[PDB]
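J.: take this sequence and fold it.
(one chain, ligands or ions: 1)
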Amino acid sequence: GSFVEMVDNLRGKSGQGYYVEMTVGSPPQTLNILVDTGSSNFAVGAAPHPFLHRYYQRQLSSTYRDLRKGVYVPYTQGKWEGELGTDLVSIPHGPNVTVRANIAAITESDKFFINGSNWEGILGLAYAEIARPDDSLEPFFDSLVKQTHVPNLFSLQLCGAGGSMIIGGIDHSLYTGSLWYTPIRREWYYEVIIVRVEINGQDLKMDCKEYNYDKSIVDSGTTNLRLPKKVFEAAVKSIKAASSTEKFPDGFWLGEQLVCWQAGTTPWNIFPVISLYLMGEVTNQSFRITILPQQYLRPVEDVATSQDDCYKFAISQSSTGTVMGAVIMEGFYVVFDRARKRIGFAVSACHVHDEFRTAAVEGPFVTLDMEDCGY
Ligand SMILES: CC#Cc1cncc(-c2cccc([C@@]3(c4cc(C)c(=O)n(CC)c4)N=C(N)c4c(F)cccc43)c2)c1
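T.: Residues are numbered from 1 along each chain as shown. I have put the structure below:
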């Protein structure tokens, strides 16, 4: 179960999710599971559904234990409902271990499962504070650390059109340059602090608390870079100005319409780079991660539109704070250092670049005239 054996253990894409193979029950039942740093339940399809190729069959598992407790989870975009239980879980291309973990067996759901996503469940990697029905339900990663010798750290190398999830350590072959750390503000979501935002080197000039209204998180279970209204509007106005040689419909900027160019002609150069400055481990020091248009213009693979390269604008408005989703994580090696309450970023081996620009992790930056950016 070495790190080299864990490399390339993920499949999928930013739009439908990145997933890892796992087994549940005895004899083991293989399932594809979405790697989700934005939730804390290990929730798996346990009943037939039109979008599921397979599902967890508890009756076939001699090791299943029923907790006699239901779980009901409505959220803005949909819902899932299920039964809580425990069973044996393993990650075949992960650590060489088997643990007993809580499993929420999904019996009913609405707009939860995605057609052609190729996953049957979700591995919620965030903390117990946000687990459903409450924080008494121990998340999977917590059970793994308690029951094995596994160091309290995992890292994600998401690669654009799979990637790697290394549990227990840092795989140096997955990144170049320096690894810059941002503190985990609170252990609920992987909450962080953005101190500055620039669009093509031009500062958005907002009070830094605006960037974190009401929180900022690192979420591998969200596709887009999601920004609070005020920040979102300034970003769009700034991107529109930088790209003014071409005019796109309002629907493109709203993320409801594709923009298409003849195959291979995408004018990358007309789109600016976005720099997100994250709080450093030292007072008023920060580092920046730079996002190229290859990251924020998400390609939409469709045989029917294939004479063209078509894209969705992968930056959208949020009313629940900033979400640094998969389009942000792609091309970075992201270390979820739970042991040291910090998140590391470095340029990935699968990073984005063209012949003019490259995604980067750079620092340090100093800001003497700073307030706390935390909301
Ligand atoms: C990259 C990527 C991705 C991706 C693409 N399509 C669907 C999903 C998805 C499907 C179902 C549920 C969730 C989702 C999620 C997962 C679980 C287990 C859960 O209990 N909830 C509700 C609290 C939400 N995980 C999130 N991080 C998230 C989010 F920020 C906003 C809405 C929904 C979610 C996410 C993820």
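
J.: contacts for stretch 162-169 next, please.
T.: Here stretch 162-169 makes contact (C-beta atoms under 8 Å, 6 or more residues apart in numbering) with 3, 6-12, 18, 20, 35, 91, 94-95, 144, 150-151, 153-157, 171, 174, 350. (C-beta placed from N, C-alpha, C; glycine too.)

J.: near the ligand too, which of those residues?
T.: Counting by C-beta under 6 Å from any ligand atom, residue 18 from the contacts of stretch 162-169 sit close to the ligand.

J.: give the contact list for the residue nearest to residue 126 when sequence neighbours are not counted.
T.: Once flanking residues are discounted, residue 126 sits nearest to residue 40: 4.5 Å by C-beta to C-beta, 6 or more residues apart in numbering. Counting by C-beta under 8 Å, 6+ apart, residue 40 touches 124-132, 137, 139.

J.: check for me that residue 40 belongs to a strand.
T.: No: Residue 40 sits outside any strand when classified using DSSP: H, G, I helix; E, B strand; the rest coil, being coil.

J.: where does it fall, phi/psi-wise?
T.: phi -130, psi 10 (degrees, to the nearest 10).

J.: in the stretch 151-300 of the chain, what residue comes closest to the ligand?
T.: residue 221 (2.7 Å; C-beta to the nearest ligand atom).

J.: ok, that residue - contacts?
T.: 17, 34-39, 122, 325.

J.: hmm, back to that, just the buried members of the contacts of residue 40?
T.: 124-128, 130-132, 137, 139 (16 or more other C-beta atoms under 10 Å).

J.: mind listing what the residue sitting nearest the centre point of the chain touches?
T.: Nearest residue to the geometric centre of the chain (C-alpha atoms, centre = their mean): residue 220, 1.1 Å. By C-beta under 8 Å, 6+ apart, the contact list for residue 220 reads 18, 35-38, 125, 156, 158, 325-326, 329.

J.: from the contacts of residue 40, which are also near the ligand?
T.: 124, 132.

J.: and the helix or strand where residue 146 lies, what does it pack onto?
T.: Using DSSP states H and E, the element containing residue 146 is helix 140-147. Packing partners of helix 140-147 (3 or more C-beta pairs under 8 Å, 6 or more residues apart in numbering; DSSP states H and E): strand 98-110.

J.: each with direction, which strands does the strand it packs on pair with?
T.: strand 42-45 (parallel), strand 78-90 (antiparallel) (DSSP bridges).

J.: how about the residues of the stretch 1-150 of the chain by the ligand?
T.: 14, 16-18, 34, 36, 38-39, 41, 43, 73, 75, 77, 112, 114, 122, 124, 132.

J.: where strands are concerned, which of the residues you listed count?
T.: 17-18, 34, 36, 43, 73, 75, 122, 124 (DSSP state E).

J.: can you get me a residue count around residue 103?
T.: 29 (other C-beta atoms under 10 Å).

J.: my guess is it meets residue 83, correct?
T.: No: judged on C-beta atoms under 8 Å, residue 103 makes no contact with residue 83 at a distance of 9.0 Å.

J.: which stretches of this structure form helices?
T.: With DSSP state H, the ranges of helices along the chain come out as 3-6, 140-147, 229-242, 250-253, 293-296, 326-329.

J.: for the stretch 251-375 of the chain, what lies in contact range of the ligand?
T.: Checking the stretch 251-375 of the chain against the ligand by C-beta under 6 Å from any ligand atom, the hits are residue 326.

J.: quick check, the residue in the stretch 1-150 of the chain closest to the ligand?
T.: residue 38 (2.7 Å).

J.: how about the residue lying farthest from the centre of the chain, what does it touch?
T.: Distance from the C-alpha centroid of the chain peaks at residue 62, with 33.8 Å (C-alpha atoms, centre = their mean). Counting by C-beta under 8 Å, 6+ apart, residue 62 touches 25-26.

J.: please name the nearest non-neighbouring residue to residue 208.
T.: residue 373 (3.7 Å).

J.: my read: that neighbour touches residue 212, true?
T.: Yes: counting by C-beta under 8 Å, residue 373 does reach residue 212; the two are 5.9 Å apart.

J.: and for the two, which residues touch both?
T.: Joint contacts of residue 373 and residue 212 (C-beta under 8 Å, 6+ apart) are 193-194.
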